[PDB]
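See below for the structure under consideration.
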Amino acid sequence: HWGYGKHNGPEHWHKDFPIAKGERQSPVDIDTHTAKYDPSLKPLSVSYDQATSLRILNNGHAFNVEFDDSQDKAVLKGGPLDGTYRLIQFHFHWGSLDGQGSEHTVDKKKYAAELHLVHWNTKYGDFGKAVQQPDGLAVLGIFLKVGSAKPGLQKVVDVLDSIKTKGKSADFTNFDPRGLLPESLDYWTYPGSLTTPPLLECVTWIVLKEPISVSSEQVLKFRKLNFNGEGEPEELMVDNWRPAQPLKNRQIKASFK
Ligand SMILES: NS(=O)(=O)c1ccc(NC(=O)NS(=O)(=O)c2ccc(F)cc2)cn1
Ligand SMILES: [Zn+2]
């Protein structure tokens with residue numbers, strides 16, 4: 001039932017998913033002047049050299065590039081995290097216009113899109129288990145702005161015509177997620193949630209300060225995807241972002257001065 005339309009959008013989600021009004025919901029606005037530098041935060045460790053991408057799927061709300069997470073092949077460690085978190089998938093949220101699309105905002109600024117690299121804590125054995133734990137997931141969030149093309153994104157962009165509609169998938173092997181990362185790993189971090197239903201409060205959010213640049217042509221191809229299934233009326237997959245939620249009793253920490 002849920003989606004991003006007028007009658008099933010983020011303002012409606014709480015009826016099926018009451019945790020939508022919970023104490024640690026995501027995304028949030030990152031007020032850069034109120035975030036506090038935490039000198040004890042360790043450097044982030046992104047170890048994606050052995051990543052095994054498998055498939056790309058249009059799930060009716062975004063597209064997921066899925067990875068083999070049956071071994072420690074692509075892992076996130078360090079930063080605020082205790083232990084090892086395995087990459088399971090990445091996806092994006094984006095707008096109908098370049099002035100919106102990101103879920104997190106920075107001093108109320110919206111970016112054109114936001115990349116989420118989703119990882120689960122290996123002490124919980126699998127993803128299903130992990131989402132039931134307050135420290136189950138670590139999502140690495142990366143802002144996208146429109147400017148120069150991101151060469152490492154192009155392989156993703158070019159397969160999207162083959163997964164135009166909900167439920168379509170395509171082989172997507174040998175994709176290197178390192179090509180989607182910015183130069184700096186400076187980040188903000190806070191405890192939060194999944195930003196789509198079931199909105200579970202299981203995520204340590206790590207949001208990078210440096211956005212990546214993608215071209216207008218690249219983002220325009222995102223906007224050609226469909227929310228609908230094949231043979232249903234076309235509704236463009238755009239504005240698949242949840243707006244900022246109340247920070248409540250949380251402090252955002254910065255890894256950098
Ligand atoms: N936007 S986000 O916070 O990175 C994010 C990542 C993942 C999800 N949801 C998700 O994976 N849902 S799911 O695949 O159907 C699923 C699978 C297993 C579960 F136990 C619970 C949910 C929602 N949001
Ligand atoms: Zn997401």
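Below, all heavy atoms of this structure are taken into account, side chains as well, without hydrogens, waters or symmetry copies. Starting from 1, each residue takes its place in the sequence as its number.
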**Message:** In the structure I gave you, are the side-chain heavy atoms of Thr195 and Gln245 within less than 4.5 Å of one another anywhere?
**Reply:** no

**Prompt:** Does some side-chain heavy atom of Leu137 sit less than 4.5 Å from a side-chain heavy atom of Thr204?
**Reply:** no

**Message:** To check you understand the geometry: which heavy-atom pair defines the closest contact between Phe63 and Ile56, and what is its length?
**Reply:** CD1-CD1, 3.7 Å

**Item:** With sequence neighbours excluded, residues passing salt bridge (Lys or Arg N to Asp or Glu O under 4.0 Å) with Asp98
**Value:** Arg223

**Request:** Kindly indicate, with the supporting measurements, whether the criterion side-chain contact (heavy atoms from CB on, under 4.5 Å) is fulfilled by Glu234 and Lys164.
**Result:** CA-CA 10 Å; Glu234 188 175 33; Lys164 186 178 172 184; 3.4 Å; yes

**salt bridge (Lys or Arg N to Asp or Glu O under 4.0 Å) contacts touching residues 100-122 (sequence neighbours left out)** = none

**Message:** Nearest 0.5 angstrom please: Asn240 CG to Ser96 OG, how far?
**Reply:** 10.5 Å

**Asked** What pairs with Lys21 under side-chain contact (heavy atoms from CB on, under 4.5 Å), at least two apart in sequence or on another chain?
**Response** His14

**Message:** For the aromatic rings, using the six-membered ring if either is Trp, is the centroid distance between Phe175 and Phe90 under 6.0 Å?
**Reply:** yes

**Qualifying residues under side chain to side chain donor-acceptor pair (under 3.5 Å), relative to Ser193, sequence neighbours excluded** = none

**Item:** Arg242 bridged to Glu11 by N-O distance under 4.0 Å
**Value:** no

**side-chain contact (heavy atoms from CB on, under 4.5 Å) partners of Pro211, counting only residues at least two apart** = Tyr111, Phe143, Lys145

**Results of side chain to side chain donor-acceptor pair (under 3.5 Å) for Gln50 - residues two or more places apart only** = none

**Request:** Give, for atom SG of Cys202 and atom NZ of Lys129, the distance between the pair rounded to the nearest 0.5 Å.
**Result:** 14.0 Å

**Request:** Would you indicate whether the side-chain heavy atoms of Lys248 and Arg24 approach each other to under 4.5 Å?
**Result:** no

**Asked** Roughly how far apart are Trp94 CH2 and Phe222 CZ, rounded to 0.5 Å?
**Response** 6.5 Å

**Request:** Please list, chain by chain and in numerical order, all residues satisfying ring pair (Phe, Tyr, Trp, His ring centres under 6.0 Å) with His91, sequence neighbours excluded.
**Result:** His93, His116

**Message:** Under the rule for side chain to side chain donor-acceptor pair (under 3.5 Å), what residues qualify as partners of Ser53, not counting sequence neighbours?
**Reply:** none

**Request:** Output all residues satisfying salt bridge (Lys or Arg N to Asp or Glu O under 4.0 Å) with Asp72, sequence neighbours left out; order by chain, then residue number.
**Result:** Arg86

**Complete:** Looking only at heavy atoms, the pair that brings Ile212 and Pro182 closest together is CG2-N, 3.6 Å

**Request:** Decide whether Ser26 and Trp205 meet the rule of one side-chain donor and one side-chain acceptor closer than 3.5 Å.
**Result:** yes

**Prompt:** Are the ring centres of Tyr190 and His104 closer than 6.0 Å?
**Reply:** yes

**ring pair (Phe, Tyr, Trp, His ring centres under 6.0 Å), paired with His61, selected from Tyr4, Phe227, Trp2** = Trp2

**Complete:** Tightest non-hydrogen contact, residues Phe17 and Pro198, listed as CD2-CA, 3.8 Å

**Prompt:** Quick one: CG on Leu54 to CG on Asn64, what's the gap to the nearest 0.5 Å?
**Reply:** 12.5 Å

**Request:** Kindly write out the residues that satisfy side-chain contact (heavy atoms from CB on, under 4.5 Å) with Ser169, not counting sequence neighbours, or none if the list is empty.
**Result:** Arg55, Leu57

**Check against side-chain contact (heavy atoms from CB on, under 4.5 Å), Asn249 and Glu23** = CA-CA 7 Å; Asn249 189 39; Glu23 297 303 305; 5.5 Å; no

**Message:** Are more than 12 heavy atoms, taken from residues, nucleotides or ligands other than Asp49, located less than 6.0 Å from that residue's CG atom?
**Reply:** yes

**Item:** Derivation of the side-chain contact (heavy atoms from CB on, under 4.5 Å) call for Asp29 and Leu247
**Value:** CA-CA 8 Å; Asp29 180 54; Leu247 188 63; over 6 Å; no

**Asked** Who passes side-chain contact (heavy atoms from CB on, under 4.5 Å) against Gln133, sequence neighbours left out?
**Response** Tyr124, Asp135

**Asked** Taking the side chain as C-beta and beyond, is there a heavy-atom pair between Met237 and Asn226 under 4.5 Å?
**Response** no

**Message:** Test your reading of the model: is there a side-chain donor-acceptor pair from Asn8 to the backbone of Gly5, 3.5 Å cut-off?
**Reply:** yes

**Request:** Check whether any side-chain heavy atom of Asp186 sits under 4.5 Å from a side-chain heavy atom of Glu210, and report yes or no.
**Result:** no

**Complete:** Closest non-hydrogen atoms of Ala244 and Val28, given as atom of the first, atom of the second and distance, are CB-C, 4.0 Å

**Message:** Apply side-chain contact (heavy atoms from CB on, under 4.5 Å) to residues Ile88 and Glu66 and explain how you reach the verdict.
**Reply:** CA-CA 6 Å; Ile88 176 162; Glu66 300 162 354; over 6 Å; no

**Message:** Suppose we call two aromatic rings close when their centres sit under 6.0 Å apart. Are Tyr187 and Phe256 close by that rule?
**Reply:** no

**Prompt:** Who passes side chain to side chain donor-acceptor pair (under 3.5 Å) against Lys166, sequence neighbours left out?
**Reply:** none

**Prompt:** When hydrophobic residues are tied together by side-chain contacts of less than 4.5 Å, even through go-betweens, does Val214 share a cluster with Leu181?
**Reply:** yes

**Asked** How long is the gap from NZ on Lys123 to OG1 on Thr84, to the nearest 0.5 Å?
**Response** 10.5 Å

**Request:** Locate the shortest heavy-atom distance separating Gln89 from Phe67; write the atom from each residue and the value.
**Result:** CA-CD1, 4.2 Å

**Asked** Which distance, rounded to the nearest 0.5 Å, do you find between the CG of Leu115 and the CD1 of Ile142?
**Response** 4.5 Å

**Prompt:** With a 4.5 Å heavy-atom cut-off, do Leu87 and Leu76 have their side chains touching?
**Reply:** no

**Atom of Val159, atom of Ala170 and distance for their closest heavy-atom approach** = CG2-CB, 4.3 Å

**Cluster check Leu236, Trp241: I/L/V/M/F/W/Y, side chain < 4.5 angstrom** = no

**Prompt:** Do the side chains of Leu97 and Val238 join up, straight or via other hydrophobic residues, at under 4.5 Å, putting them in one cluster?
**Reply:** no

**Item:** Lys36 and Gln251, any side-chain heavy atoms less than 4.5 Å apart
**Value:** no

**Prompt:** Hey, does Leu185 have a side-chain heavy atom less than 4.5 Å from the side chain of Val46?
**Reply:** yes

**Asked** Is a donor on one side and an acceptor on the other found under 3.5 Å between the side chain of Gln218 and the backbone of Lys150?
**Response** yes

**Message:** Donor-acceptor check, side chain of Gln100 to backbone of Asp239, threshold 3.5 angstrom: yes or no?
**Reply:** no

**Request:** Take atom NZ of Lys168 as the centre, draw a 6.0 Å sphere, and report whether it contains more than 12 heavy atoms from other residues, nucleotides or ligands.
**Result:** no

**Message:** Assess, by modelled atom type and distance only, whether the side chains of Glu235 and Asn228 contain a donor and an acceptor separated by less than 3.5 Å.
**Reply:** no

**Message:** Just to verify, which of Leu44, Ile252, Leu81, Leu41 counts as forming a side-chain contact (heavy atoms from CB on, under 4.5 Å) with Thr189?
**Reply:** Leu41

